[PDB]
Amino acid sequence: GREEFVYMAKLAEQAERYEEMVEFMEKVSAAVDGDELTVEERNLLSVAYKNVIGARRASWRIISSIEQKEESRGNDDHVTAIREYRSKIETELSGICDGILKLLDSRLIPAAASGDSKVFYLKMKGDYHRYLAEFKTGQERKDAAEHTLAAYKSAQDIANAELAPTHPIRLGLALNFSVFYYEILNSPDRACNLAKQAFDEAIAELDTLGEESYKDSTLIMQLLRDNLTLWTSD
């Protein structure tokens, strides 16, 4: 049942056993055929996959640094061992992304009925194609980068048309889209322009706020500034 698996997902979260949280939410999604996940369920699913992928991304990064350092020292035996270990982490990364992408393409995106949900899931699709682009090479990298740009640019079209410039989902899309430009496409100018644009469009309607609603918007907008601060001084 949907209720039971949501509860198990909350138990896994508390226990920080995120691989099992993914499974419980994977079963929540299966129990919700055609209908949309609740905001709560939608957020639990993303918290479940973010941590799971977050750990492997962390591992992959630290392992890559070690590989390069060992390459600089000439330890071929160490480099060989590191590459096989990195390849194992990359296999997990591929499987984690494939799991959420399979769910996004076949169930979540097709069922999204509001502009809110449409910009959330497409954004998530771009996020996890972006994670693939972080480590893939060759044709698989370009295929992942293009799927990211397609999903982000699509999500952008709906966001500009149906979401306020201060909406957290829209701001999050602009932040991640700008990161995509800087890191994956190595286009710093396009990254800065998008981050500033999304920020300027927000501050224009920011003062038309409540008191406890722009807590989430101010958080994303500060990240946009921080990235701009780093990108502007090289």
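Heads up: residue numbers just count along the shown sequence, starting at 1.
*Asks:* Test of understanding: from the entry's C-alpha B-factors, which stretch has the higher mean, 120-128 or 157-165?
*Replies:* The entry gives the higher C-alpha B-factor average to 157-165.
*Asks:* If you average the CA temperature factors over each stretch, which comes out higher, 169-177 or 205-213?
*Replies:* Looking at the recorded C-alpha B-factors, 205-213 comes out higher on average.
*Asks:* Per the coordinate record, which of the options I62, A198, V32, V47 holds the highest CA temperature factor?
*Replies:* It is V32.
*Asks:* Where does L103 sit by CA temperature factor within its chain: lowest, middle or highest third?
*Replies:* Ranked within chain, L103 CA B lands in the middle tercile.
*Asks:* Is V28 in the lowest, middle or highest third of its chain when residues are ranked by C-alpha B-factor?
*Replies:* It falls in the top third of the chain.
*Asks:* For the chain shown, is the CA B-factor of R42 in the lowest, middle or highest third of its modelled residues?
*Replies:* It falls in the middle third of the chain.
*Asks:* Of the three thirds of its chain by CA temperature factor, lowest, middle or highest, which one includes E140?
*Replies:* For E140, the deposited C-alpha B-factor lands in the highest third.
*Asks:* What third of its chain's C-alpha B-factors does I53 belong to: lowest, middle or highest?
*Replies:* Answer is lowest: the recorded C-alpha B-factor places it there.
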